[PDB]
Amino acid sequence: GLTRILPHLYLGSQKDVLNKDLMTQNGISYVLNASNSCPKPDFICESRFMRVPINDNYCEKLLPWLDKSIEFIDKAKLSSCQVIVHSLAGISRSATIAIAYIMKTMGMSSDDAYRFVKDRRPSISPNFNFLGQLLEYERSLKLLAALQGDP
């Protein structure tokens, strides 16, 4: 069920990322693993791997990992490479990271970015706690932009 979100950005599950043939077939060399329990695939290089060590629940905190996750995805983009963002099921933790990436990159509202990812991977269903952290993330980007002279 591997989903291409942008040409350099895929969203998927643990089963996707551990499928060597699927990964090699699609030339995916970077992995952003949003989980504590999912393993790095043996066939992925440490320098092309990043973990966001979070559990999927109503109290887990994703906010301060968002800017570094986005930076990682842009490192792949600069290297002309594709990155997959995944968690266990690829419907909550990883999905929220993909949504935040689109928000920041395109200056899209959290509503529109959620819909953008949801349209391409209809199975996503991020828990409300993560969706709320997206709202707070957007609020903070708007204040950062304000300082840059963009009210």
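When you see a residue number, it is the position in the sequence shown, counting from 1.
Would you mind comparing 2-10 and 141-149 for me and telling me which has the higher average C-alpha temperature factor in the entry? That would be 141-149.
Select between 57-65 and 29-37 the stretch whose C-alpha atoms have the higher average B-factor in the entry. Higher mean C-alpha B-factor in the PDB entry: 57-65.
Member of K118, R48, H86, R51 with the greatest C-alpha B factor (per the PDB record): Among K118, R48, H86, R51, the highest C-alpha B-factor in the entry belongs to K118.
If you rank the chain by CA B-factor, which third does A113 end up in: lowest, middle or highest? Lowest third of the chain for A113's C-alpha B-factor.
Ranked against its chain, the third holding the CA B-factor of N127: For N127, whose C-alpha B-factor we compare with every modelled residue in the chain, the answer is the highest third.
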